[PDB]
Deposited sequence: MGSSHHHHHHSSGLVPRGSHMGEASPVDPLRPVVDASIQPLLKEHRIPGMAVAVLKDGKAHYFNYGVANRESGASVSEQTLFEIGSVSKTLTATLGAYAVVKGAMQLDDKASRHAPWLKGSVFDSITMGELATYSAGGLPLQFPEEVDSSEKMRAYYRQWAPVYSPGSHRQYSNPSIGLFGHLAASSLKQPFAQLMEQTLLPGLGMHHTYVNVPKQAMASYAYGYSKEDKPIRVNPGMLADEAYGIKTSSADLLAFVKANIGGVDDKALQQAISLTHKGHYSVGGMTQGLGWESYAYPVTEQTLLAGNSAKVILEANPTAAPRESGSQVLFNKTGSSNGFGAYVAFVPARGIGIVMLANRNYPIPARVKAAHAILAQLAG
């Protein structure tokens, strides 16, 4: 493959610097998938990474949850300007009478935190958490990146379609997108393809179920499946409702600096500087409340991490280019962004 030198040149330094046990990289260009696989999925077995290896993609899950939400809209089961409580009887009476589904989706409901408090470890406690939550900001005025926010969005979109979220994803949406090895619950027959994550102390680890984990950060997938999702986000899919769903995930709702927030995907004018891409993926944007501003060739991306795992996806529909990078080390986001940026610049020519 004459792309191998270019990918290796950006990826090998990451592997060495962060002692990354394994990484699966997939690149799209001119309709063609290219797979570059490094290292091991499992340091005990020494099993090689391939484009079939399953990794935890963490928050990249949010792009798939967002697509489910968009699908519920397309099917007429909900609208982004629905009040959250329209789709959850147990939110009737709360501030979620006056927060919208779109606001949940785009982390703009008013300061829902990054994570549930540790004590919120059950259905009952989760419902009470949301019912007792006090808005920090007016709905729509601040982006506070939030698992409880988009997690609730995903959970209520599923409810709007009268099916459990895991079932909708695994039986309808993901097979619809061409993603047959993408799971919220990895089945027995796929467990042998499931990587272990590696903590900073090199302990093997995998995600634990937390409240709304499935919706907010729970997807396990391969580089091949995630590149098919990228393909679907560029070339489209056969099913028309799905196609229209995907399109909805591309539209800008608001901007923070040079990043534009959509459903799941975060977008930039392309060509995009390394500086701009780093800023919109900065700790500031991830961790703090930032005021929303009016929204924006376009690059779409999403970062994802779990304990022991680090993922990144970026693509540029107008140029037919895309990259997936899945590792079983949670290595720093700036390193993901710089490597992706240099590889995509080489593909774009």
Got a list of the deposited-sequence ranges with no coordinates?
-> 1-27, 324-327
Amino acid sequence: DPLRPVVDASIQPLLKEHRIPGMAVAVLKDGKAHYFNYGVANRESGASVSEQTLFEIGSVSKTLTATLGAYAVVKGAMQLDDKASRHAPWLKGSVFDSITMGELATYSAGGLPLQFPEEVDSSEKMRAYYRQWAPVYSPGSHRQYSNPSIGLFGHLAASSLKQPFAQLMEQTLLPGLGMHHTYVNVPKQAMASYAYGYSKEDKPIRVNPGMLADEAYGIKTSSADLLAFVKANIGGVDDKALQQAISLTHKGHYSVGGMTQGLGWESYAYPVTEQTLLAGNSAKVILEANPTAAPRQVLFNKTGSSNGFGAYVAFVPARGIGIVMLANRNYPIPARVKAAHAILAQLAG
From here on, numbers count along this sequence of modelled residues.
Going by the average Cα B-factor in the PDB entry, point out whether 213-221 or 124-132 comes out higher.
-> 124-132
Given 329-337 and 11-19, the range whose Cα B-factors average higher in the PDB entry | 11-19
Please pick out which of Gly151, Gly102, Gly235, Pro187 has the largest Cα B-factor as recorded in the entry.
-> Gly235
Whose CA atom has the top B-factor in the entry, of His87, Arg143, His180, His155?
-> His87
What third of its chain, lowest, middle or highest, does the C-alpha temperature factor of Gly31 fall into?
-> highest
Among the modelled residues of its chain, does the C-alpha B-factor of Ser282 lie in the lowest, middle or highest third?
-> middle
Ranked by Cα temperature factor within the chain, is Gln261 in the lowest third, the middle third or the highest third?
-> lowest
Based on the entry's values, in what third of the chain does the Cα temperature factor of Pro295 lie: lowest, middle or highest?
-> highest
Tertile call for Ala47 (CA temperature factor, within chain, third-based) is the middle
